[PDB]
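# Commentary on secondary and tertiary structure
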Protein chains: 2
Amino acid sequence: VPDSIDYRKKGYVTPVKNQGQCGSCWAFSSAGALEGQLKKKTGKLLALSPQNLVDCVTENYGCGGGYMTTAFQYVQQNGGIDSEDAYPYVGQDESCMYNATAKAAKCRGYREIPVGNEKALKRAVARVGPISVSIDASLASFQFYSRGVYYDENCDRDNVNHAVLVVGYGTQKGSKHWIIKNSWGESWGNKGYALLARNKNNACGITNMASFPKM
Amino acid sequence: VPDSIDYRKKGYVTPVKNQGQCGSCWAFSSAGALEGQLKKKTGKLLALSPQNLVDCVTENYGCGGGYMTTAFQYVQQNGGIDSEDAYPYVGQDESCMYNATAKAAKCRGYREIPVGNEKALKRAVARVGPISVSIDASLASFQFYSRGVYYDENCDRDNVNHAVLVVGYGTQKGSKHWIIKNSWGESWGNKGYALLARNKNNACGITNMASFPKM
Ligand SMILES: *[C@@H]1O[C@H](CO[C@@H]2O[C@@H](C)[C@@H](O)[C@@H](O)[C@@H]2O)[C@@H](O[C@@H]2O[C@H](CO)[C@@H](O[C@@H]3O[C@H](CO[C@H]4O[C@H](CO)[C@@H](O[C@H]5O[C@H](CO)[C@@H](O[C@@H]6O[C@H](CO)[C@H](O)[C@H](O)[C@H]6O)[C@H](O)[C@@H]5O)[C@H](O)[C@@H]4O)[C@@H](O)[C@H](O[C@H]4O[C@H](CO)[C@@H](O)[C@H](O)[C@@H]4O)[C@@H]3O)[C@H](O)[C@H]2NC(C)=O)[C@H](O)[C@H]1NC(C)=O
Ligand SMILES: *[C@@H]1O[C@H](CO)[C@@H](O)[C@H](O)[C@H]1NC(C)=O
């Protein structure tokens, strides 16, 4: 269980994208966790298609929200997910334009993190790879974040509303933290990433609804 | 376990190639099995590089022969194998031009089939996918094969000499058989493939030295 890991360094994370006015955070987190596991099983890093999931996960609400665990199950039961090149993101709802030949990755299921167990998520990021998580992104202080180890005592520990991708953890200026990839472009945060308070009583509900895919 | 399986049908096999005057049959067999497992885990069929292995598997003899098991072990310790596009075949010895960004597949080790146990190999083809094997391909009846279920009682069950890739099994005109991909071009055999006698006492030593990579 290392003290510090940054899966960007290790070639596991695709470039930050911008979801725009579509509410498709859940699909960027899914594709992000699956990108990491495809890299771990293979040697190649390949950006997979959130649009694939936006259009096709019927048990989700397209641009109006969804879950990662059900996204994973779609790609499992669907037996594949297309690549972003095959199925580029357009940020608006449409019919399932899935094409089974442009298939770039598969899924054998998912496992969920124990709710409220930051010590557990620390091991999971280190062992598995980038972990899909859900947070409270509703406060103004989180939307306009740019630097430092985010910590807001009004961040709701009990309810979440926005999906991101945990890509590491560590410590900066003596404050332990999670490293997150958001889907708000590189203009947001620190080149699209942030550092959130860690081991501080589940700040913003990071482990309230976390999962990762099996491959 | 099915009566019949044909991984050509399922998109698991790349097109037949021609090894030429280089003795690198073992490398096409290896890459073929790695192609099969990459398709099973990810869904994409991508032709991998035998030249990668010819140049870089130091414990093999390059164009002068080699083993699939030692090829697999290279890709494990090397942490990757390049794609045929990145590292095209030239049918001649040269220096290890491996490029880790062109990594297209990895290996976690290998497993061997019980020697002389066709019933076991049948399970592996059905369960795992295409299995690298070695046979006696030295006789004229095999060189001039074009159609039907190959069977020569003079085929050496004890000393194999040429690597192929078992890509299925089944039955034709009441003769149980293996389906193999050879590396002698499409002009040989039935568009580069053949059918070898199965459950006829380990014909041509088909199970004498069979393995597949772990991923
Ligand atoms: C080892 O293998 C490496 C990988 O091989 C490739 O992969 C597979 C498919 C193989 O089968 C090969 O066929 C491939 O070559 C080899 O590395 C490749 O080498 C090529 C030649 O040196 C490179 O192409 C040349 O470079 C550009 C094209 O740029 C490409 O870059 C990436 C590649 O994935 C991508 O676009 C992104 O580029 C930036 C990547 O960092 C990215 O930067 C981000 O920018 C953000 C802000 O904008 C932000 O700040 C981020 O922080 C920042 O990182 C960009 O934003 C893009 O998103 C595209 O694929 C893109 O195509 C091009 O200029 C060159 O064209 C020349 O061609 C002609 C001359 O004939 C003429 O027009 C000009 O002279 C022109 O200059 C050329 O295409 C390729 O990029 C490179 N790929 C990688 C991944 O490294 C390597 O050579 C091999 N080495 C050896 C020794 O074998
Ligand atoms: C699916 O994608 C492939 C390219 O990978 C393309 O050749 C094929 O026509 C596509 N199928 C459609 C558009 O139905």
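Residues numbered from 1 in each chain as written, not as in the entry; some residues may be left out. Chains lettered and ligands numbered in written order. Heavy atoms only, no water. Residues with missing side-chain atoms left out of burial classes, pairs and counts.

Per the PDB record, the structure was determined using X-ray crystallography to 3.10 Å resolution.

Another aspect to go through is the pattern of salt bridges. By the definition in use, this model includes four salt bridges over all chains. With a shortest N-O distance of 3.8 Å, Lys 181 of chain A and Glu 35 of chain A are connected by a salt bridge. Pair noted here: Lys 181 of chain A is in strand β8 (residues 175–181) and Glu 35 of chain A is in helix α1 (residues 25–41), with a separation of 146 residues, a long-range link. The partner of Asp 6 of chain B in a salt bridge is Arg 8 of chain B, with the nearest N and O atoms 3.2 Å apart. Looking at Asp 6 of chain B, the relative accessible area reads 24%, which means it is partly exposed. (Salt bridge = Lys/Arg side-chain N within 4 Å of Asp/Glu carboxyl O. Helix = DSSP H or I, 4+ residues; strand = E, 2+ residues; numbered from the N terminus. Buried < 20%, exposed > 50% of the residue type's maximum accessible area, 1.4 Å probe, protein only.)

As a further point, take the packing of aromatic side chains. Per the counting criterion, the structure on display carries 14 aromatic pairs over all chains. Ring plane angle 80° and centroid distance 6.4 Å describe the contact between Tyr 145 of chain A and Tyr 150 of chain A, whose orientation is recorded as edge-to-face. Among the residues examined, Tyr 145 of chain A registers a relative accessible area of 7% and is labelled buried. Between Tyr 169 of chain A and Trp 178 of chain A the ring centres are 6.0 Å apart and the planes differ by 75°, which places this aromatic pair in the edge-to-face class. You can call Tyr 169 of chain A buried: its relative accessible area is 3%. On the basis of relative accessibility, which here comes to 1%, the residue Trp 178 of chain A falls in the buried class. Three or more aromatic residues joined by ring pairs form one cluster here, namely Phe 142, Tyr 145, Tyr 150, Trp 184 and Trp 188 of chain B. Directly above the ring of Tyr 193 of chain A sits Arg 8 of chain A, whose terminal nitrogen or CZ lies 4.5 Å from the centroid. (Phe/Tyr/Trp six-rings, centres within 6.5 Å; stacked < 30°, edge-to-face > 60°. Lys NZ or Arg CZ within 6 Å of the ring centre and 35° of its normal.)

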